[PDB]
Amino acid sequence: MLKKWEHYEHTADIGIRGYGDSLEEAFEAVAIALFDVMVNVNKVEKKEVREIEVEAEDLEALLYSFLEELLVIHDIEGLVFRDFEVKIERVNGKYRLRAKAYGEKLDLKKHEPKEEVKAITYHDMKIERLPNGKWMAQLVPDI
């Protein structure tokens, strides 16, 4: 037989997606999804808070920036987060996001650690108002 080769389909990273009644709630929800890649997010208690503020020229960059700062907090302080309060406004020609992130220190016995997220990316990123008036935010982070 002559040697032969092929490509085949396999999972590549993982998709995260949030839905909400508002853009802000979709951002909150997809951030929960992000932490559920790393731990069982349902096991994360709200003991500590960190605040985020970022500006961007468009909503995609805003979402990237928000999630990447959450990842950085996670990487530096070892915090994991359960929920978020997000506010998005227009200020002097930019989008401004402010958020409160609620969570606690990683607990290896309790949080059911899964896999770390290496980086937020723009891969498959989409933010949209669906025909039914709900909002969706998604992306495929690098794991």
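Note that residue numbering begins at 1 and tracks the sequence as displayed.
As recorded in the PDB entry, 87 to 95 is the stretch of 87 to 95 and 105 to 113 with the greater mean C-alpha temperature factor. Relative to one another, 128 to 136 and 12 to 20 have unequal mean CA B-factors, and 128 to 136 is the one with the higher figure.
Per the PDB entry, 45 shows the highest C-alpha temperature factor of the residues 45, 75, 36, 28. For residue 55, the recorded CA temperature factor ranks within the middle third of the chain's modelled residues.
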